[PDB]
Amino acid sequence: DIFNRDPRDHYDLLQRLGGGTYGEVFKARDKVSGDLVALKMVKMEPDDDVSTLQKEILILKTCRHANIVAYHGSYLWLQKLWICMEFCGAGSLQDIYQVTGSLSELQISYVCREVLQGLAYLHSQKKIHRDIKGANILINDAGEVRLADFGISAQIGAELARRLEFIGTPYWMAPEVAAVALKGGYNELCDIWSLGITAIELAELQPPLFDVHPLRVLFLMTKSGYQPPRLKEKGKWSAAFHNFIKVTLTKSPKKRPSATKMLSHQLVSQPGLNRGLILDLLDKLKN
């Protein structure tokens, strides 16, 4: 499952694509097949024994779904874990919309249906993604939609930095998650709220309150009279899209629908939602 060797023995390392709390990601090519892959270098905590690491790589391998970037293999080299993953040629939805402008309502509907399929799978596996946003939804050259990873729950690498990252950028978290360090916990329904915010982000190029200081957003979201956000231009979007935002952004998690329930919402169950809508979006990159 995990190779005790240099990933460079099986791959040619190419350009660094980006990096964050999840690791450093590079473009790479398989030496034998010639196929493009993404190699992600994750620094390890010296306290995590190889049994702890193996338990997490087994999860990385078994927690599999068509709407989550596929895992190919791993390498333990120089106290670092290199993860080989499916190459998503068009980058994230943020990378795309910061060139193309706002996605169409049908494009957002397709993205939302595909992300809901991935979240319904992760929730069935008793995981909470807790990192849904446009930058963490990747697009391949075929127009397919994939979550970059299964979220923050990997008990390897910079887990603590990943877990606390939203405190400095809380715009996509549900109010029960924004109530950080208070007695109430949260459940998987926080992902449904994050998907509602991501739909507004795809429509408006930023999530609601993006211009507000992160500590002020945390202050506002724990106030009793806090109201969920809405789309800015009412006449630009259909009643179905406004209702999708209304129900995904239900303030109380005890009233917020599940990922499976959301899949029958009119916005994402309508006919004509396919990768061709995203192929049209990728065609806009050329102009």
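In this text, residue numbers run from 1 along the sequence as written.
Student: Tell me whether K183 is absent from the model in at least one third of the other entries compared, counting only those where the residues either side are present.
Tutor: Result for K183: often missing, at least a third of the compared entries.
Student: Mean C-alpha B factor from the entry: is it higher for 276-284 or for 3-11?
Tutor: Comparing averages over the C-alpha atoms only gives 3-11.
Student: On mean Cα temperature factor in this entry, is 165-173 or 69-77 the higher one?
Tutor: In the deposited entry, the stretch with the higher C-alpha B-factor mean is 69-77.
Student: Identify, among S252, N243, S224, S258, the residue whose C-alpha carries the highest B-factor in the deposited PDB entry.
Tutor: Max CA B-factor in the entry, restricted to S252, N243, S224, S258: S224.
Student: Based on the PDB record, which member of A239, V247, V32, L231 exhibits the highest Cα temperature factor?
Tutor: By C-alpha B-factor in the record, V32 ranks first.
Student: Could you look up the Cα B-factor of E159 in the entry and say which third of the chain it sits in: lowest, middle or highest?
Tutor: Answer is highest: the recorded C-alpha B-factor places it there.
Student: How does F210 rank on Cα B-factor within its chain, lowest, middle or highest third?
Tutor: Tercile = lowest for this residue's CA B-factor.
Student: Considering only modelled residues of the same chain, in which third does the CA B-factor of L116 rank: lowest, middle or highest?
Tutor: According to the entry, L116 has a C-alpha B-factor in the chain's lowest third.
Student: Just say lowest, middle or highest third for the CA B-factor of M262 relative to the other modelled residues in its chain.
Tutor: As the PDB entry reports it, the C-alpha B-factor of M262 lands in the lowest third of its chain.
Student: Sorting by Cα B-factor within the chain, modelled residues only, which third would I200 end up in: lowest, middle or highest?
Tutor: It falls in the bottom third of the chain.
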